[PDB]
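Two forms, one chain: they're shown below as structure tokens, one block per form, named structure 1 and structure 2.
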Structure 1
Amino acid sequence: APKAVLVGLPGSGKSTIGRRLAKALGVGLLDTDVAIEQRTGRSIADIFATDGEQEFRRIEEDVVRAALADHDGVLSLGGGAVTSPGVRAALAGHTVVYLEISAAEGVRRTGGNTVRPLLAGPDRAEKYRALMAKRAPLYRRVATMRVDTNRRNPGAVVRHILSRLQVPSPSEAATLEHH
């Protein structure tokens, strides 16, 4: 089972923290969006367009369940995986690290806001706020550790997670005595 499953909004650091945490632990890194494309030979966009969001979520859930069973390192989850009740069920018992971010920081870290085509319509920042409103309660539900990334740099985020993921060695005493 994974040492940590990372969840959070776009820009929260799933890729950056995934890589740095996996490096610090000396473990493998799997990202579920990448794994979907690798397992299907279809792009994420193509699956959504052709099959619809529900079938995307079906394929995603199967990939997530496989990774939770088979992967021993760091796993990062696609943003929408937690919308599936079956993914939330599958996660229970795992170490699930929710990388928290504000809307303004998430917008900044994903390339900034956009032009607002109509005064009466949304911009990117508003769409992001909506995503946050729908997703954040689900990440809070599934989490076993929550880490604020707004004012911690990646190294500080990784140190914070590491400090809460420690594994005592049952062979510690014998290693001092000999090994």
Structure 2
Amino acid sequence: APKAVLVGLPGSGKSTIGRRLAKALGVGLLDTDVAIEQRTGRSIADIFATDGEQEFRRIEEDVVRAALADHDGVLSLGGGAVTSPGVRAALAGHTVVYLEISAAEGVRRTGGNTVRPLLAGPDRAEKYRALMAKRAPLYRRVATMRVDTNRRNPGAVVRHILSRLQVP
């Protein structure tokens, strides 16, 4: 089972925090998006575009559930995984770190050329705010630790996480 599971919007720092946490803990990082691509032989973009979000979510839930059983390192979940009830259920009992980010900073961090089916222009900020509004209670419901990634540089967020993982 993972030492920690990271959840949060695109742009919250899952990749960067997950790599730095994994290194600090002496374990590997598993990103469920990557796992999906590996198990399907398909890009995430392709799954959304051809088969649709609903089929993606069932796929994702399967992979997340497997990863929670089988991965012993740091697990990073795709931003929308917590929209699946079965994901939220499977997270019960785990250490779950919610990376919280303002809409302004999250938007800024997602404005590159990564393909993001649910966060494309135009009006990407409106889309980001709508994802944040919808998913915030869901992140909160599953989280065991909540961490602000706003401004705070990554090194310091990781330090804060390790500290909170360790003490009562």
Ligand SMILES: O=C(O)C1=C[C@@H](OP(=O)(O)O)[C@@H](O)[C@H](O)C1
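Every residue number counts along structure 1's sequence, beginning with 1. Here the rigid core means the biggest group of C-alpha atoms that line up within 1.5 Å when the two forms are laid on top of each other.
Legend entry - Chain form deposited without this ligand: structure number out of two: Form deposited without this ligand: structure 1.
Inset, instruction - Of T114, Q38, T144, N150, only one moves its C-alpha by 2 angstroms or more between structure 1 and structure 2 once the rigid core is aligned, so tell me which. - result: Correct option: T114.
Inset, instruction - After lining up the core, report the Cα displacement of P10 between structure 1 and structure 2 in Å, one decimal place. - result: Comparing the two forms, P10 shifts 1.2 Å at C-alpha.
Inset, instruction - May I ask for the C-alpha shift of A49 between structure 1 and structure 2, in Å, based on superposition of the rigid core? - result: Superposing on the rigid core gives a C-alpha shift of 2.1 Å for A49.
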